[PDB]
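Novice: Got an experimental structure here, sequence first:
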Amino acid sequence: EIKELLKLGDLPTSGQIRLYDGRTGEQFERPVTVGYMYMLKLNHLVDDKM
Amino acid sequence: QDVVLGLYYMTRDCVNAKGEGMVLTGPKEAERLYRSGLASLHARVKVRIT
Amino acid sequence: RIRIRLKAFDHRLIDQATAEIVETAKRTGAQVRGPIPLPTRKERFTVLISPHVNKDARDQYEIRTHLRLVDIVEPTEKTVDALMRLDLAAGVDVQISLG
Amino acid sequence: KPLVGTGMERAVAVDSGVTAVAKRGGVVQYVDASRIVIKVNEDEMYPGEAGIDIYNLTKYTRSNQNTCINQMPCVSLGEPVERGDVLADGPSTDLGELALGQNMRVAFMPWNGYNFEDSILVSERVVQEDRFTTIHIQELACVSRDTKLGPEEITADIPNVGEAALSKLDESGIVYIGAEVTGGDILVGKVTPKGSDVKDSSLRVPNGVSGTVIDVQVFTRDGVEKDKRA
Amino acid sequence: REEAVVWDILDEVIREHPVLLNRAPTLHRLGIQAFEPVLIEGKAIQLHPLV
Amino acid sequence: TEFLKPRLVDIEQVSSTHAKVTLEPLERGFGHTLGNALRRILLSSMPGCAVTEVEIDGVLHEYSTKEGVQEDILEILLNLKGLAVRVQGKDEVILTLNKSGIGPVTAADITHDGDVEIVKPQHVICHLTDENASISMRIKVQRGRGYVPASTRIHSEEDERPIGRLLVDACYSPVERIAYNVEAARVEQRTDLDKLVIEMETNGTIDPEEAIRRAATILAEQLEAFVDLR
Amino acid sequence: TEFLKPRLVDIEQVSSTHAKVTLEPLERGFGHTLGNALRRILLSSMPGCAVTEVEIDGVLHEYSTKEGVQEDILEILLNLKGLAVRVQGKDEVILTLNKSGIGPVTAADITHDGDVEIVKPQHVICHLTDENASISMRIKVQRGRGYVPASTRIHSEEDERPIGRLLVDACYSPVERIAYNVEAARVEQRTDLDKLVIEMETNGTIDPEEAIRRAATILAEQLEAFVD
């Protein structure tokens, strides 16, 4: 169902897109995984520890 | 951890790539063939090393 | 044609104003006449500086009112209105007059 | 709004009382700057006590972990709501769901060593959009207890220290509210004479922190007033 | 006040002056090692990965 | 030396914001070099105007709330940070927004001057709900590049400004997304030439041929240090 | 809206064919722009001339063996590829070398015309075991740019050359290695800047700063069209 939903959107089925590099402008070999992860900011902030 | 993955992907081989079985006059033009886009990072090749 | 009479005490300020006005004109419309300097009014005043008496004791002040005649030959739709929203720097009395 | 959730976000965000779940259904009047005003449909409405429900939104205030608990209305003006429906989204909620963190485009790859053991390498588009810029609130107390040698005093006429005391305050003392205060500032001039024998106990801002004075509370010793603000 | 001239003073007191970095559960002697500082715009100690 | 030179041959506007541009003809291998260099420069270093200081009347700090509106004041500052302005003559202007009455406050309600152009007439800012409510904010639009934030602009500002002016972060760059493609050129006698199809996505305020010209001048004046001196 | 121009602070000349152009300070994320642009131009676009084809007697393809030599013809092909020659006037010069006697054959042993010269005469070609061995090769030198290898050369050619002609990789561009870093420099307030360190090693026939200046003016004349 993840693959079938990735086929409803026009995305590649493997979940992996070829990505270029912003520094060199040239392709990363062996396509990498891009997606959306729900990332959280925990309350261990660095200018309360320094 | 990252650096051994970078080495294990770098010094390896595959049975066909760009520049299979060509001959190279040194390691400097090995890196020049990798950067220009004429060979692959793992492509078996006779080099002349000192 | 829109005649524009800039009047101010500070000359630099007046100059600045004039330039701004020209800029405003020139982007919207076309053929701005130009910033023509008219004669400056040097309104002189003498006063006795003593509280009581000493008549040869005097200060002579003046107010230099500068004039800047800017004219606009073709009033378009866009140009004339641009001035309504475009207010100039303080201490510069402008006086636009079409025809 | 987590794109990949489990559907239990709704029950947690309702059942923990951080959102303003509607008590009686109906429409809305939406004054809301201060309170959501809900007109009640007649079936859920009592015969006497004609009655329209006025919900209090708790705006920017201190949590127990110095985070910011804040409620924002998620219904417009003149819009039907049902019993049990949510009206104001609390902290970490989005239309009644449960939004702890945020969803971002993530690549899995080594990138030049900057994510070596467990580190994480972040673009500038994350920090330009303020999409993690959290808001912390600090309560700071100042008291002028009568330890010994008379009582302490709340006056701007701060000593030794010059035209670097009387600044983010009024003529009668205490921080004047709002402002871009940082570290080493003065908030509440609170110093005694005989403690050429004056000192500086004036509660200041701690080292390293900035901020905006959002609120000043004062239920002080019956007298705090100058000639008249009280 | 942190004026504009004390940062050159700071780069002239750092230069050849090692510091002892120490991770909090030090078990053997390789858990206290001395480095030379390189100044960081930031608030986090940048630590070389092999170490 | 049998090299050639490229020109901007066809500049198609797919919309007012998203617009491609060709480059023709490029030499062999130069396509990815010029494309990546123009990408890095066109994403880092373009000049665009943005909102810097917002001045609302009858306000204390940005974390308060106001009479008659939907979005809170932090929401208003975020929706103003997204604004897209295009001034022509000056480099620092002050706009005015005044509006009363029930209904949303678009960006098309700002009482424009002559040399400022607001290119998004459907950008929403507020949702005025009370008919007796009013809002009169005075925005200040500077012009720069990169990203300069509120913390660094807390002491950097020299012109001693009065207190009460909310500071909004400055997102100056009007380029948001850029991609280049190296196709095969259709040259009637050469087969070893290529074209560069740069696909920009702007803020609507920047003109793409002007942006490409400025990025080219930036690259040439940076390389003059290599050309002249050694 | 004014940009930081740098000063070229150092040319640490290690050898006559080595350099390290320390360069500071640039805007944040500009060292990679300049370095990558110069690196790609210096790798695959810089003009120059070297040996492309060679016709040798006694051999019929690249895997035969002539007598009198310790090394084989792959080694003579590789040591020929390592030779750096410069042509001034023309662009297609054929050269011929003949060597007999006990001793190695070096680059100074070749027969040269008025337009060509050798930048390293003590660069070895081969060695000779027999005093009766008479080696002979017809060394053709074209002029192109960058790098083209013998694999795609033999894929691109179609005309039937005579038997005994040998293809070699054409190291047209005179640089051998360019690889940079980007370090971090400091102007007294902003620490976000970055300093370029370009390393370069070439063959003969050029001075590394001359190669850098050539690549820079190649890119500037390439971008000379649509500027202000």
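Specialist: Sure thing, it's come through. Numbering: from 1, shown residues only, chains lettered A, B, ... in the order given.
Novice: List the contacts of residue F:59.
Specialist: By C-beta atoms under 8 Å, 6 or more residues apart in numbering or on different chains, the contact list for residue F:59 reads F:66, F:73, F:164, F:166. C-beta: built from backbone N, CA, C; applies to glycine.
Novice: Report the buried residues of stretch C:83-94.
Specialist: Within stretch C:83-94, the residues scored as buried using 16 or more other C-beta atoms under 10 Å in any protein chain shown are C:83, C:86, C:88, C:92, C:94.
Novice: Oops, could you answer that again for stretch D:49-68 instead?
Specialist: D:53, D:55, D:57, D:59-60, D:68.
Novice: Among those residues, which one sits closest to chain E?
Specialist: Nearest to chain E among those: residue D:68, at 21.7 Å, using C-beta to the nearest C-beta.
Novice: and that closest one, what are its bridge partners?
Specialist: Beta bridges link residue D:68 to residue D:62, judged by DSSP bridges.
Novice: Hmm, residue D:92 and it touching each other?
Specialist: No. In terms of C-beta atoms under 8 Å, residue D:68 does not count as a neighbour of residue D:92; the distance is 10.4 Å.
Novice: Check chain D for its longest strand and report it.
Specialist: strand D:102-108 (DSSP state E).
Novice: you'd agree residue D:11 is in a strand?
Specialist: No. Remark: residue D:11 does not belong to a strand; assigned using DSSP: H, G, I helix; E, B strand; the rest coil, it is helix.
Novice: residues near it, how many?
Specialist: Counted with other C-beta atoms under 10 Å in any protein chain shown, residues neighbouring residue D:11 total 10.
Novice: measure it to residue D:88 for me?
Specialist: With distances taken as C-beta to C-beta, to the nearest Å, residue D:11 is found 18 Å from residue D:88.
Novice: Helices along chain A, start to end?
Specialist: A:2-8 (DSSP state H).
Novice: Can you classify the residue in chain C that chain F sits nearest to as helix, strand or coil?
Specialist: Closest residue of chain C to chain F, C-beta to the nearest C-beta: residue C:82 (3.4 Å). Here residue C:82 takes the helix state, with states given by three-state DSSP.
Novice: Check residue D:116 too.
Specialist: Per three-state DSSP, residue D:116 ends up coil.
Novice: Correct me if wrong: it contacts residue B:4.
Specialist: No. Under the criterion of C-beta under 8 Å, residue D:116 is not in contact with residue B:4, lying 12.0 Å apart.
Novice: any idea how far residue B:34 is from the residue in chain F sticking out farthest from the centre?
Specialist: Going by C-alpha atoms, centre = their mean, the residue of chain F most distant from its centre is residue F:189, 41.1 Å out. Counting by C-beta to C-beta, the gap from residue F:189 to residue B:34 is 33 Å.
Novice: what about residue 16, neighbour count?
Specialist: Assuming you mean chain A. So residue A:16, with other C-beta under 10 Å, has 15 neighbours.
Novice: switch to chain E, that's the one I care about
Specialist: Residues near residue E:16, counting by other C-beta under 10 Å: 6.
Novice: can you tell me which residues contact it?
Specialist: So residue E:16 contacts residue E:36 (C-beta under 8 Å, 6+ apart).
Novice: now do the one 10 residues further on
Specialist: For residue E:26, the contact set (C-beta under 8 Å, 6+ apart) comprises residue E:32.
Novice: Disregarding residues adjacent in the polypeptide, which is nearest to residue 43?
Specialist: You didn't say which chain, so I picked chain A. Among residues not flanking residue A:43 along the chain, residue D:65 sits closest, at 6.4 Å (C-beta to C-beta, 6 or more residues apart in numbering or on different chains).
Novice: my question was about chain B
Specialist: residue B:17 (3.6 Å).
Novice: Three-state assignment for the one you found, please.
Specialist: Residue B:17 is classified as coil under three-state DSSP.
Novice: residues near the residue of chain C closest to chain F, how many?
Specialist: Neighbours of residue C:82 (other C-beta under 10 Å): 18.
Novice: Do I have it right that it meets residue C:23?
Specialist: No. Using C-beta under 8 Å, residue C:82 is not in contact with residue C:23; the gap is 10.2 Å.
Novice: what touches both of these two?
Specialist: Joint contacts of residue C:82 and residue C:23 (C-beta under 8 Å, 6+ apart) are residue F:115.
Novice: All the helices of chain F, in order from the start?
Specialist: Under DSSP H, chain F gives helices at F:30-44, F:73-81, F:208-227.
Novice: right, so those helices: which one is the most enclosed?
Specialist: helix F:30-44 (a mean of 23; mean count of other C-beta atoms under 10 Å in any protein chain shown).
Novice: how near is the residue nearest to residue F:111 when sequence neighbours are not counted to residue D:100?
Specialist: Spatial nearest neighbour of residue F:111, excluding adjacent residues (C-beta to C-beta, 6+ apart): residue F:96 at 4.8 Å. Distance of residue F:96 to residue D:100, computed by C-beta to C-beta: 40 Å.
Novice: in the sheet, who's paired with the residue nearest the centre of chain A?
Specialist: In chain A, the centroid-proximal residue (C-alpha atoms, centre = their mean) is residue A:34; its distance is 2.7 Å. Judged by DSSP bridges, the bridge partners of residue A:34 are residue D:107.
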